[PDB]
Structure formats: structure tokens, C-alpha cells
Ligand SMILES: CC(C)CCC[C@@H](C)[C@H]1CC[C@H]2[C@@H]3CC=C4C[C@@H](O)CC[C@]4(C)[C@H]3CC[C@]12C
Ligand SMILES: CC(C)CCC[C@@H](C)[C@H]1CC[C@H]2[C@@H]3CC=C4C[C@@H](O)CC[C@]4(C)[C@H]3CC[C@]12C
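Chains as they are written, first to last, in PDB author numbering: chain H, 425 to 473; chain S, 277 to 326; chain C, 388 to 436.
Encoded structure:
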């Protein structure tokens, strides 16, 4: 039972470690795309809206 | 091409690395959980830590 | 009688565990050694350009 509790505690802390890693890495990778918009060029749009 | 790595590939390799690390972690947690006194001795330092 | 049988079974389990530890070391070392033996020569040759 002691060994099982140790495994549970390791499982608990490593869940938060893994969640932070997954969320932060995915967010960074996709925020790289969120800031890759077409540059605001000094031109009119190709197709008049 | 190989001038850079696309975002899709980067994300897939990242999640594959994360899944590999989580597999290693699950193996470690299983190894710790299933220790029996007939094979392993009760390490008191790690017990105090955890 | 059950206790004696369980002790002998535990000896078998101990042998299996020792084999597993040795093989963990061997297989991780082989992973590293093969990863180097397949690529390192060419990568050194290209770095030495
Ligand atoms: C995925 C997690 C774990 C790590 C993320 C690391 C970040 C800093 C990495 C991942 C992919 C990387 C990009 C991949 C390719 C390019 C194109 C190149 O012409 C300029 C650098 C740039 C834009 C990199 C900048 C740094 C970058 C955004
Ligand atoms: C293994 C985990 C941590 C990362 C997974 C994503 C991988 C594929 C990412 C992480 C960092 C990235 C590199 C970061 C920066 C550059 C320099 C750029 O001029 C070309 C692409 C290149 C060389 C990227 C290639 C892809 C890359 C190696």
C-alpha cells in the first residue's frame, strides 16, 4: 500500500507537469501562426470589397 | 522542401515527443507502484520525499 | 506448503527482474550505439568539410 501511494503521488505531480508542457508547447506553436497574418502593405486590396 | 519545418510537422513531432515522455512516465509509475517486498526493499528517502 | 511454493515462485520472479535490468541497460546502450554507428561517420565527414 505504501508503494501504491508513492505511485499515486508521482502520478499526481507528473499530470500537472505534462499538462503544462502540452498546453504551453501547443499554444506557442499555434500562436506562431496567429501572428503570421498577411502584412499590412501600402496597397489597395486586389478585389474591391 | 527543407528550408524550414512546417507548423503541422512541428506540432506532430512535438506531440509525438510528449507522448513518448508520457509513455516513459507511465512505465516508471507502474514500476514504482508494483514493487513488492519480496523483490524490492523499502527505500525510505524516496518515501519521505513523496 | 503454499509458503514454500510462493518462495520458489518469488525466486523465479527475482531472476526475471534481474534479466530485465540487464536488458534495459543493454538495449538503451544499443539504441545509442546504433544511432551513432549509422550516422556519425557521415556527419563527422560533413562537419570536417
Ligand atoms: C514545440 C516547442 C516544444 C518548442 C518551440 C520552439 C520555438 C521557439 C521554435 C519552434 C519552431 C521554430 C521556427 C521554425 C522555423 C523558422 C523559419 C526560419 O526562417 C526562422 C525561424 C523560425 C520562424 C523558427 C523560430 C523558432 C521556432 C518558433
Ligand atoms: C523534439 C521537440 C522538442 C521539438 C519538435 C519540433 C522540431 C521538429 C523543431 C524544434 C526546433 C526546430 C528548429 C528551430 C529553428 C530552425 C532554424 C531554421 O532556420 C530552420 C528550421 C529549424 C532548424 C527548426 C526545425 C524544426 C525544429 C527542430
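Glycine included, C-beta positions come from ideal geometry on N, C-alpha and C.
Using a Cβ cut-off of 7 Å, pull out every chain S residue sitting near residue i, in sequence order please.
| i | result |
| --- | --- |
| residue 397 of chain C | 314 |
| residue 434 of chain H | 305, 308, 326 |
Going along chain S in order, which residues have a C-beta closer than 8 Å to the C-beta of residue i?
| i | result |
| --- | --- |
| residue 404 of chain C | 315 |
Have a look at the options and flag the residue whose alpha-carbon is nearest the alpha-carbon of residue i.
| i | options | result |
| --- | --- | --- |
| residue 453 of chain H | S:279, S:289, S:319 | S:289 |
| residue 400 of chain C | S:323, S:310, S:279 | S:310 |
| residue 434 of chain H | S:314, S:302, S:318 | S:302 |
| residue 314 of chain S | C:388, C:397, C:414 | C:397 |
Report the neighbours of residue i on chain H: residues whose CB is nearer than 7 Å to its CB, in chain order.
| i | result |
| --- | --- |
| residue 279 of chain S | None at all; the shortest Cβ gap to chain H is about 16 Å. |
Check distances from the C-beta atoms of the stretch 445–472 of chain H to those of chain S and list, in chain order, the residues that come in under 8 Å. Going along the stretch 445–472 of chain H in chain order, one finds 445, 446, 449, 450, 453, 454, 456, 457 with a Cβ nearer than 8 Å to chain S.
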